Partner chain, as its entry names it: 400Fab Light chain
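Consider the single chain below, provided in structure tokens and representing the form deposited without the partner chain.
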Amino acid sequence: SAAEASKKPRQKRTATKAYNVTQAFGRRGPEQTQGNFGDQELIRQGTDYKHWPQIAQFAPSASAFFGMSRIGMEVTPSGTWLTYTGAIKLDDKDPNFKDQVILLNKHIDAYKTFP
């Protein structure tokens, strides 16, 4: 999958065991446009991760990405970039709210705790 999955625009890629989060989206890190999400289990597995559906329930649809987010455009020496920022509210009345918080905390900035 790697050679062919890598053919897609970055924002359309799907990470898997055969093409993991690092190969698709770069090493995790603190920099302003590095991704910071994923512990070692998610990084090596991507959408093969056992709880990927419980994570993906927070990812936005295309309509919601463009309806919810603050969208910008920056023209720089490296090219033309679409910038995005936003926030998705967790439903504290969802019976699984506490598990969702635990799941997100499991992966946010997790790279800080391993090489």
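Only residues modelled in both forms are compared. Definition used throughout: the rigid core is the maximal C-alpha set that superposes within 1.5 Å between two forms. Numbering follows the first chain given and starts at 1.
Not on display, but discussed next: the form solved in complex with the partner chain.
Not displayed here, the partner chain is kept clear of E41 by more than 4.5 Å at the level of heavy atoms in the deposited bound form.
For the partner-free chain shown, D48, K50, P53, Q54, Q57 of 38 to 58 come within 4.5 angstroms of the partner chain in the deposited bound form, judged by any non-hydrogen atom. Against the superposed rigid core, the only consecutive-residue run (3 or more long) showing CA movement of at least 2 Å between the shown form and the other one spans 1 to 7.
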